[PDB]
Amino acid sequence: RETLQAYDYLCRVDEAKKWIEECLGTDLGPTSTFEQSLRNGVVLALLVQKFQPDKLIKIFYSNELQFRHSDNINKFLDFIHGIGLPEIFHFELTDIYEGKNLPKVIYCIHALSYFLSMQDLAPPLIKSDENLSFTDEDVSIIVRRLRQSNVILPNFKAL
């Protein structure tokens, strides 16, 4: 049951990654380290820029994850709120910056994809191939993370 839960969530992360890769037309590295790469808010802010082409979005760049990275995050939060994405799909700064609930970010990304794709404002998220696989090590890492984690995975299935 643990392995499967680990594998499924990795598929959810993979699907959100691919969707963003499609929107931005770029490669975003391994799925196993994708959640952590969003903590600086750059990718998410770049998403705002795409959907707000007439606005000049300010993005803080730095290898070191610091408080000013919050501004990058807030751009994305102001955006999903501005376009009317239901609040139940939103996440808080602490969930991503301090990384207390990264799965909620992935969840937010899926909901946004549907909100936009249903309106033909962006491409639709693509369900993971049935034979998509990850290394046993990557799966175990997620198993370990969920054991020490006291957060409940979001309801992707009800989307």
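Position 1 is the first residue in the sequence shown; the rest follow in order.
Discussion item. Please compare 26-34 with 62-70 and say which has the higher mean C-alpha temperature factor in the record.
Written reply: The entry gives the higher C-alpha B-factor average to 62-70.
Worksheet item: Do the C-alpha atoms of 122-130 or of 105-113 have the higher average B factor in the entry?
Response: Higher of the two, by average CA B-factor, is 122-130.
Worksheet item: Looking at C11, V151, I20, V143, which has the highest Cα B-factor in the entry?
Response: Of the options given, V151 has the highest CA B-factor in the PDB entry.
Worksheet item: Which third of the chain does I57 land in by C-alpha B-factor: lowest, middle or highest?
Response: Tercile = highest for this residue's CA B-factor.
Worksheet item: By the record's CA B-factor, is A6 among the lowest, middle or highest third of residues in the chain?
Response: Lowest third of the chain for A6's C-alpha B-factor.
Worksheet item: Is the Cα B-factor recorded for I96 in the lowest, middle or highest third of its chain?
Response: Its C-alpha B-factor belongs to the middle third of this chain's values.
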